[PDB]
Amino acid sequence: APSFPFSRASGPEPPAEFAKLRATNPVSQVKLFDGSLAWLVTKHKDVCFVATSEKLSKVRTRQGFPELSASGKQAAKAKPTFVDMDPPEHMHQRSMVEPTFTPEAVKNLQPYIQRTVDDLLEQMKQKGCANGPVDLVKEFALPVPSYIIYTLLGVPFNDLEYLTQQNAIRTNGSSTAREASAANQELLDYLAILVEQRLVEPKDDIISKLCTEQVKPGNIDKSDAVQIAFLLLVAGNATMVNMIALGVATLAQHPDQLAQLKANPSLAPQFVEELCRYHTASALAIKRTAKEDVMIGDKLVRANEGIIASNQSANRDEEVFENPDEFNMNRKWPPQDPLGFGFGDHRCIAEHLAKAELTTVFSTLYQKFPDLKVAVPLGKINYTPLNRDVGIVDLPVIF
C-alpha cells in the first residue's frame, strides 16, 4: 500500500498515480500517515457513489475515518459544523446559511461581485507596475474572494484589508505553526465580537441572520454561530485564491485560448467550467468511513474502513472526459458533472458563488488589462508544495 496523499507530478499537474490506478486498480488501499489503511477511489462513477451512499459517514469520531495528517486528527476532536455531519443534522444546520448561496441569490449578487472585482482591478491599475511586476495573488487573487465572503458574513469595509491578511496567514506555507494558530484564534475572537454586536443590532449579513433566526430562538448558541461563520470563511477562500491564480497561469500557458477569451469574454463561463475540472484545487475533501459493508467495483469495503474519493482523478477520468489531460475551454461536455465542487448533499455550498466570482474575474481581467502578462517564465511559477493541493503562492505580472 503506497503512502497517501500522493505528490503532484509537477507544479500544475495532478499526482501521476491516479491515471495508473484508474487503468489497473481503480479501487485500492493506500497507507495514511499513521500507518492505517484506507480505500482510494479514482473513477468518476465510483467517486459519485462514495459521495452519495447512505452507508457511508462523514462523522470524524467514527474509527476508521481517513485523517491524512497529524493536525487533521487533532481537529477531529472539536464540536462539528455541518461539513462533518451526516443527515439529518447536516441539512438542519446547512440550511441555516444556504439562502445566501442559492443560484438565485448569487444571480442577484452579480452586480456586487462585479464592482468588487472592478474596484480591486482599478486599485491594482492605479498602483501600476512602473517600477516592476506586482504579485497578482497579493493584489487581486487573494482580496477578491476574501472581501466578498467577509462582506457577506458582515465584516465592515475598514476591516477587510487587515482580516484578509490574517486569514491568509492561516494557510501561508511560510507561516510558523504559532503564527498560523494565532491568526486562527484571532479571527475566531473577531467573529465572536461580531456575533455579540449583531445580536443587539442585526444588520444585513450572514452573521445577523444566524443571530436572529437561530441564536435568539435558541436553535444554536453564540459559539455555534461563530463556528458556522468561521467555516464559511475558511472553507474555500484559499481554494478560490488558487483557482484565480491557476486560471491566469493556464491562460498564459495556452496563448490561443487566452486570445479566444479576450476576443469573446462571453466564453468566461465555459473557461471556468474547464478550469474547475482541470485544476481540482480541493481534492482531499471527499472522505468517509463505511457504516456497514459496501461493495465498490471489485472490492468490498468493510464496516469501519475509510474511503478517500478523488474528485481530482474523477475529473481526469478518460471514460467520462475525452482527452482529460487537455485543457480545452471549448470542451464538449458529457452528461456527467465535473466534480471540482464535490457531489451529493455535501456538494460545495458556495459552488454558484465560486463560479460567479471566477466568471466575473475571467470576463473582466483581460478587458481591464488586455496586455496582462506573467512577468516570469511560466516554468518558474511558484506553485504550492507538491505534497499539497494544487495552487500558486505568488504570481508576478505586468500589464
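Note that residue numbering follows the sequence shown and begins at 1.
| If you average the CA temperature factors over each stretch, which comes out higher, 181-189 or 159-167? | Between 159-167 and 181-189, it is 181-189 that shows the higher mean C-alpha B-factor.
| task | Averaging only over Cα atoms, indicate whether 232-240 or 249-257 has the higher B-factor in the PDB entry. | result | The stretch with the larger mean CA B-factor is 249-257.
| request: Please pick out which of 269, 217, 297, 143 has the largest Cα B-factor as recorded in the entry. | output: Checking the PDB record, the top C-alpha B-factor among 269, 217, 297, 143 is at 217.
| From 212, 227, 310, 110, residue of greatest CA B-factor | Among 212, 227, 310, 110, the highest C-alpha B-factor in the entry belongs to 212.
| request: Divide the modelled residues of the chain into thirds by Cα B-factor and specify which third, lowest, middle or highest, holds residue 68. | output: Middle third, going by the recorded CA B-factors of the chain.
| query | Which third of the chain holds residue 99 when residues are ordered by C-alpha B factor: lowest, middle or highest? | reply | For residue 99, whose C-alpha B-factor we compare with every modelled residue in the chain, the answer is the middle third.
| If you rank the chain by CA B-factor, which third does residue 200 end up in: lowest, middle or highest? | According to the entry, residue 200 has a C-alpha B-factor in the chain's highest third.
| message | Can you tell me whether residue 361 has a C-alpha B-factor in the lowest, middle or highest third compared with the other modelled residues of the same chain? | response | According to the entry, residue 361 has a C-alpha B-factor in the chain's lowest third.
| task | Could you look up the Cα B-factor of residue 12 in the entry and say which third of the chain it sits in: lowest, middle or highest? | result | Middle third.
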